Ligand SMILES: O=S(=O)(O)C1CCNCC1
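As a starting point, one isolated chain is supplied in structure tokens, in the form deposited without the named molecule.
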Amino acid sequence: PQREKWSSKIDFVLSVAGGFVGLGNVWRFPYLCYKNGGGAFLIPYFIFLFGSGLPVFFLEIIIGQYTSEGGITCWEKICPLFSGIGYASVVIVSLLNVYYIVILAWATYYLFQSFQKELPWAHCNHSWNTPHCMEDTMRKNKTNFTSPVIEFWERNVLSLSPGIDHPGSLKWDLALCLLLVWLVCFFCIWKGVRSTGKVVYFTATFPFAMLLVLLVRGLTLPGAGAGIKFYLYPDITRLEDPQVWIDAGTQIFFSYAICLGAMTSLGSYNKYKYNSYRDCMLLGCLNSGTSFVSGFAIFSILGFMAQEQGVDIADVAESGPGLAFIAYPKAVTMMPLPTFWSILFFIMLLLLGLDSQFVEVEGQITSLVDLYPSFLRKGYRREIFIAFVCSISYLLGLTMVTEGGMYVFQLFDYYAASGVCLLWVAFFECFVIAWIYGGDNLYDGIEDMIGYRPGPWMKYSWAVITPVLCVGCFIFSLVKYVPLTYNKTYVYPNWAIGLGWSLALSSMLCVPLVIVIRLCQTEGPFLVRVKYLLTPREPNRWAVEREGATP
């Protein structure tokens, strides 16, 4: 009957902050900056952060607060047509839940490797190391040598195969680790949904307090001055390639968990007369500051490795995912008692990723339960659903656990819940809000909800800045198209790129397909059909709290 509200604003802030501040900050941003050269990644990043990151994030939160519904029915309130956006988000988040947890699996594996006398990536004299491996300290002291940390990441953790078309034998240890993290998610969602809520004082303060330590270790490294420069001074030429702009925009959208329905649901649990604008601005500041400062530390470590190895910074580690699994495990080796600090670091990674996964999976489950309110949300009948959603997404994730699973992970990362699909969904959200619902019409709601009409920046972002940025990046990437590559050496087969585009299209096609379906359901001439489907169905149809009216 009545949606359960937050106990207080503190609960909302802590839940959301633990929600969108996770592995998209300490893991994705590092190698996304590293892959796109150096500081040339920052110029689009911040622009999107001030052009589409904060505005769309606050728009999602404010729609959730205005309609008090999840990611799906909120659109039906705002606009019956273009409802597929919600479905699109669901598909996106589903695919995200498939490969996001895989990262945690790796972290868990690393954790299980930490509990021993000497870290396995300190020196390379083990069975999995190629004879070309040479220790980092001895690399520049005196061809094509490899470092123990990278060896451990590829040969042992991943057992990397020649290509995607050679999946090979499934790795059982990583499969068990993925099962373990999915079991943690399952027992933290069906029961103990607020388990992290009562221990936030450890779940929120520790991940930051740990990062600072790395930062203190990062800057002190002798080569940091080089690395920070690589992280800061941009390259003008790199800005010409569409890849940097697409990566920066989609990294903004991924870090803030927008176009997923999680933000709308989180904003659906708060009060109507709640000043979510200021809270959202502070949370976005915290998110971007965490990303920027963590990049400082990891790029200082990269500069240290480059100066010690006698190699260029751009060729010191893996450009694809695993930079955070190459730089940070090397940094924790330099600290006194490396085992303890490595354990703490991977525990912090687990906390961040697990909290983010809890939020995303719970949002997806709530959305699907909204789609099936009688067939679900009936106790045990709901419980089984959880056991379904994890399992079908666990088995589907097992394709990323085979020793050729890294390439599949790269496909999912670049296409499934990131790339031109996120731009598609964000552009359609902003188009519906600005050019159909009306920016001033939604300011009429904001002014009543928070008590003051915000500045013209929010409306200018949805009206012009965000659609223009999204369409420009999309069309400019399609014009100067470069095939997706893993670690800038592997050239994907055509069928692999076809599968990745199928993954993107699974969510993209929801917007037009649902439009066609809704037009088919309604009767009459086309013009009155679209006019009737473009009328909001009383978005703030609530009287329990002090509210005004739609016009």
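Don't overthink the numbering: it's just position in the shown sequence, from 1. In this text, rigid core is short for the largest set of C-alphas that superpose within 1.5 Å between two forms.
Just so you know, the form deposited with the named molecule bound exists too; it's not on screen, but the next bit is about it.
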> With the named molecule left out of view, which of 102, 324, 74, 257 would have a heavy atom within 4.5 Å of it in the entry with it bound?
Replying inline: 257
> Closest heavy atom of residue 356 to the named molecule in the entry with it bound, within 4.5 Å or not?
Replying inline: yes
> Hey, in the entry with it bound, does residue 96 get a heavy atom within 4.5 angstroms of the named molecule?
Replying inline: yes
> Does residue 429 reach the named molecule in the entry with it bound if we count a contact as any heavy atom within 4.5 Å?
Replying inline: no
>> I'd like to know whether residue 360 contacts the named molecule in the entry with it bound, with contact meaning heavy atoms within 4.5 angstroms.
In response: yes
>> Using a 4.5 Å cut-off on any heavy atom, which residues of 25-39 would contact the named molecule in the entry with it bound?
In response: 25
>> Out of 203, 94, 366, 307, I need the residue that shifts by 2 angstroms or more at the Cα between this form and the one not shown, core superposed.
In response: 203
>> At a 2 Å cut-off on C-alpha positions, does residue 274 qualify as shifted between this form and the one not shown after fitting the rigid core?
In response: yes
> residue 376: with the rigid core matched between this form and the one not shown, does its Cα shift 2 Å or more?
Replying inline: yes
> Once you compare with this form, do the C-alpha atoms of residue 262 and residue 196 lie closer or farther in the entry with it bound, given a change of 3 Å or more?
Replying inline: closer
> Once you compare with this form, do the C-alpha atoms of residue 368 and residue 196 lie closer or farther in the entry with it bound, given a change of 3 Å or more?
Replying inline: closer
